[PDB]
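Following: one structure in structure tokens, then a few remarks.
Every chain is numbered from 1 and lettered A, B, ... according to where its sequence line falls, protein lines coming before strand lines. Note that these values count all heavy atoms, side chains included, but never hydrogens, waters or copies made by symmetry. Ligands are counted one by one from 1 in listed order, and the atoms in each one are counted from 1 as well.
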Amino acid sequence: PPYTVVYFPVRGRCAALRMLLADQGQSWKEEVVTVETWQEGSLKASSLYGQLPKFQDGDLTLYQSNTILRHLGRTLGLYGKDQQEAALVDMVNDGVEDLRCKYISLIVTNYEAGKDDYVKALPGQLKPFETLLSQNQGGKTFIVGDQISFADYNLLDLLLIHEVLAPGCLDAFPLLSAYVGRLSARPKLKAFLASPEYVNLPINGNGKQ
Amino acid sequence: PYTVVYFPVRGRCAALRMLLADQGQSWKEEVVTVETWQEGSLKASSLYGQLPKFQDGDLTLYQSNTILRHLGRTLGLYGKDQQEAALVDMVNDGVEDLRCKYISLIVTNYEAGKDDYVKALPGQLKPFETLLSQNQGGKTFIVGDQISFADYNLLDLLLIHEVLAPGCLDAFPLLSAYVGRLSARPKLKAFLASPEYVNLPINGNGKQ
Ligand SMILES: N[C@H](CCC(=O)N[C@@H](CS)C(=O)NCC(=O)O)C(=O)O
Ligand SMILES: N[C@H](CCC(=O)N[C@@H](CS)C(=O)NCC(=O)O)C(=O)O
Ligand SMILES: C=C(CC)C(=O)c1ccc(OCC(=O)O)c(Cl)c1Cl
Ligand SMILES: C=C(CC)C(=O)c1ccc(OCC(=O)O)c(Cl)c1Cl
Ligand SMILES: [Ca+2]
Ligand SMILES: [Ca+2]
Ligand SMILES: [Ca+2]
Ligand SMILES: [Ca+2]
Ligand SMILES: [Ca+2]
Ligand SMILES: [Ca+2]
């Protein structure tokens, strides 16, 4: 630290890493880039891959949301207990990212025509995370092992936005349903989720959710 | 004991295979045909309903980048530092973003999409040139001064783009030299010349 998040005024791809920092007792600065500022070109041109989020951790500049998650997971001890658990954490996170990518494509490119199909396919996309919970301490702790990992924050965000897209999608998945409530109730995470810094942002950039 | 379970293509296993070969490792290839896959049994038993599946002794993994990170962690190909680890991830995530765009082209829009993709390509390659320029004059690796899992994934990405668009690396001296230097590593050189690499198509649908 100090931590600085540089992003558009939305939850989007920074929602998980923000929940992670809040839950871990960390403070950070939000640096807001408007559409107008972005279209000016300067920051985009100076960004490694022409994209946000950009993340500062002291003198380290990072890009890529999952790089930020893994960095915080590594530096804050949210990466499982050994090498084998680290691999399971990665596997869960990569799974979350695949669904996030599908979600974003819907939101951005094909919301109106694609929503029906997306919602029909949703149970089958959510089931693996239910299966993973069932295989770990009866779904009663975390997605991997007996300590929170960066993959938990990412999965939690994914589930939250899908309950918004498709209210009741978690009703068929008792472990995932209970997991959302249990993690959301963690006192520091509970505070953050109720705060204006979370509540007063839209989920995505285009008005859709 | 390593086992790769995948379709008979290079695809998302090309990088982890180069990694295992260059690190002096043996592994078994278990081939899943289109006909077997369509039968449904392996797809249903797979975590996310997809390949590759990777066995490492008693450990079963899915997700190509999970496999890369696992091998990188277990074989010491993940930087010297927590900070270098983060830079390795950043490069790999960048490689994955372009790989995802490449696959979308190949699979969904090759004929109509290629012209636009090729025009956009220099701007998509430029960041990896810039990273090389900031690390020991581009003379070693993408991050630090030891090979990482990100190197194998980036090398694969570059090799397939030269097939898609011959001469795309000509404007990028560091990326061009990097492809030759890594490809010349003796164990990797042998693998890249071997039937198990050469006799596979890059993708599943006949396009490249
Ligand atoms: N690989 C992604 C890339 C993030 C991304 O798609 N950035 C978007 C906003 S979430 C963006 O900067 N778009 C603006 C542009 O490309 O000009 C990540 O995990 O960070
Ligand atoms: N997130 C990807 C998923 C791999 C993937 O897209 N698998 C394809 C072939 S490379 C597949 O199994 N498709 C068959 C299907 O979906 O039924 C990874 O990194 O492994
Ligand atoms: C997170 C996103 C929505 C799902 C997203 O990708 C995105 C892209 C461009 C954006 O504006 C910059 C611009 O003028 O394009 C904004 Cl605000 C967002 Cl949120
Ligand atoms: C990215 C890919 C590999 C380069 C890919 O999308 C893919 C998907 C399905 C496939 O067959 C299974 C089927 O019958 O669809 C195959 Cl062989 C491939 Cl290579
Ligand atoms: Ca703050
Ligand atoms: Ca601020
Ligand atoms: Ca811990
Ligand atoms: Ca019900
Ligand atoms: Ca074989
Ligand atoms: Ca090493």
Open item on the list: If we count only N and O atoms by modelled type, under 3.5 Å, do the side chains of B/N92 and A/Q64 hold a donor and an acceptor together?
Closed with: no

Task: Heteroatom test (N, O or S) for A/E31 near the Ca ion (ligand 6), limit 3.0 Å - done: no

Open item on the list: Quick test of your reading of the structure: of A/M91, B/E96, A/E97, B/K43, whose heavy atom lies closest to atom 15 (C) of ligand 2?
Closed with: B/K43

Open item on the list: Among all protein heavy atoms in this structure, tell me which lies nearest to atom 2 (C) of ligand 2, with the distance rounded to 0.1 Å.
Closed with: B/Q63 OE1, 3.6 Å

Task: Test item: side-chain donor near acceptor, B/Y152 and B/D22, under 3.5 Å - done: yes

Open item on the list: Side chains of B/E39 and B/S41: any donor to acceptor distance under 3.5 Å?
Closed with: yes

Open item on the list: If we only consider heavy atoms of B/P52, is any one of them less than 4.0 Å away from an atom in ligand 2?
Closed with: yes

TODO: Could you tell me whether the Ca ion (ligand 10) has an N, O or S atom of B/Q146 under 3.0 Å away?
DONE: yes

TODO: Flag the pair B/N153 / B/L157 as yes when at least one side-chain heavy-atom distance between them is below 4.5 Å, and no otherwise.
DONE: no

Task: Closest protein heavy atom to atom 4 (C) of ligand 2, given as residue, atom name and distance to 0.1 Å - done: B/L51 O, 3.2 Å

Open item on the list: Tell me whether ligand 2 is touched by A/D98 - counting only heavy atoms on the residue side and a distance under 4.0 Å.
Closed with: yes

Open item on the list: With no hydrogens and no angle check, just 3.5 Å: does a side-chain donor-acceptor pair link B/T60 and B/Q55?
Closed with: no

- [ ] Using a cut-off of strictly less than 3.0 Å, determine whether B/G76 has an N/O/S atom near the Ca ion (ligand 10).
- [x] yes

Task: Test of proximity, B/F7 against ligand 2: N or O pairs below 3.5 Å - done: no

Open item on the list: Contact between A/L183 and A/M19 at the side-chain level, heavy atoms closer than 4.5 Å - yes or no?
Closed with: no

TODO: Provide, to 0.1 Å, the distance between atom 10 (S) of ligand 2 and the closest protein heavy atom, together with that atom's residue and name.
DONE: B/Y6 OH, 3.2 Å

Task: Heavy-atom nearest neighbour in the protein, as seen from atom 19 (O) of ligand 2, with distance rounded to 0.1 Å - done: B/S64 OG, 2.6 Å

TODO: Scan B/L61, B/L47, B/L42 and name whichever one has a side-chain contact (heavy atoms from CB on, under 4.5 Å) with B/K53.
DONE: B/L42

Task: Nearest non-hydrogen protein atom, atom 14 (C) of ligand 2 - done: B/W37 NE1, 3.4 Å

Open item on the list: What I want to know is whether B/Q50 and ligand 2 share at least one N or O pair that is separated by under 3.5 angstrom.
Closed with: yes

- [ ] Assess whether side-chain hydrogen bond (donor to acceptor under 3.5 Å, both in side chains) is satisfied between A/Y103 and A/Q125, documenting all intermediate values.
- [x] CA-CA 11 Å; A/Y103 170 90; A/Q125 295 303 307; over 6 Å; no

Task: From CA spacing to verdict: side-chain hydrogen bond (donor to acceptor under 3.5 Å, both in side chains), B/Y178, B/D151 - done: CA-CA 10 Å; B/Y178 174 88; B/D151 287 294; 2.5 Å; yes

- [ ] Name whichever N, O or S atom of A/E30 ends up nearest to the Ca ion (ligand 6).
- [x] O

